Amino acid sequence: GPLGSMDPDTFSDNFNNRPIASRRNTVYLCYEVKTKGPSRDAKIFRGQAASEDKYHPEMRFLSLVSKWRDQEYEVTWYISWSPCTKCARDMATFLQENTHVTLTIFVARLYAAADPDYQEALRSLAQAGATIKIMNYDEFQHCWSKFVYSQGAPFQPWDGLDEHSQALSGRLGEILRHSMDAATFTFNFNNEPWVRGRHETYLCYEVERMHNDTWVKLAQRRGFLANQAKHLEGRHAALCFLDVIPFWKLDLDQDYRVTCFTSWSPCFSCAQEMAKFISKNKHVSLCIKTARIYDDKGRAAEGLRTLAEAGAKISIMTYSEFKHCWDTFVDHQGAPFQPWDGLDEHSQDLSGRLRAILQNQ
């Protein structure tokens, strides 16, 4: 097509929320810029470019929003991938230094590795005033209508568009709120021994340092994550937490206690991975408190025994732990933790079964 446009194939490649993994680090940015004001017939100034690290044609919109008399500017992005950590930091700085510019960002996909520094950069960009949302049907259709040379072809949505948009919206909310949804928590941490539909695994985590004779909490370091799925390799939540750990830059000469609240107790493979990790990280004492014992087709008891042998403290979550994670990691907005029926009974039964497991029976 014409210069400065994308063809249907480039759109289908970049602006799509199906499990396309990632791989080709192509980040396509469509941008609109409008003069802020009451005009309803205002002229929208549009541009678009794929990310290229030599000349960066995607940032040419910045020249459009320089200070000019009393003018203010509203910028809109339709970006194929969430902005990287450094670009998010830079745009936060820019919004701070250019209060005459405001910015909305619609995103097609989120990077699966929502690691701590990236999440803090995204929350930084949000606090600077940016509006970040996941693209749904309206945004995809608008981007097709405005930035694609289609030759009379109407926008054709793919099958699982809305479901993927909703899942990405939930993840983005988990990131920006720094807390998980109340329905999500209430469901994933239900401690009935045998359950259906718990396809995900949620892992909350806290860190403490030994100062004087006291475990002091490092509130700057608490957090939560979930597993990665789809079939693009599925990485369990325990492995993702192990990946989070090195970002903390712990002092190898200090003593730390690391607590994991998991909805599913670790599978055999994850248990061996965490045993190997703690046997090579002497400065870290691992506590594992699980809502449910994931039997892992009968391989889990051996893994839990291995992990306990390596020094980890494996326990079953009680009402106190559920209430604690509700207060600490759930967007409750003041609401108290409302326990489900049979919580205590399921908890004490699971404690008995874990006891039988650890003593080898």
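One-based numbering along the sequence shown.
Going from residue 196 to residue 197, the model skips none of the deposited residues; the chain is continuous there. Averaged over Cα atoms, the B-factor as recorded in the entry is higher for 24-32 than for the other of 24-32 and 306-314.
Stretches 171-179 and 239-247 differ in mean C-alpha B factor, with the higher average recorded for 239-247.
Across the residues 133, 283, 142, 289, the deposited record lists the maximum Cα B factor for 283. Among 298, 336, 38, 47, the highest C-alpha B-factor in the deposited entry belongs to 38. Residue-level temperature factors show residue 232 in the highest third of its chain, judged at the C-alpha atom. Sorting the modelled residues of the chain by their CA temperature factor places residue 53 in the highest third. When the CA B factors of the chain's modelled residues are split into thirds, the value for residue 68 lands in the middle one.
Among the modelled residues of the chain, residue 114 sits in the highest third by CA temperature factor in this PDB entry.
In the PDB entry, residue 59 places in the highest third of its chain by CA B-factor.
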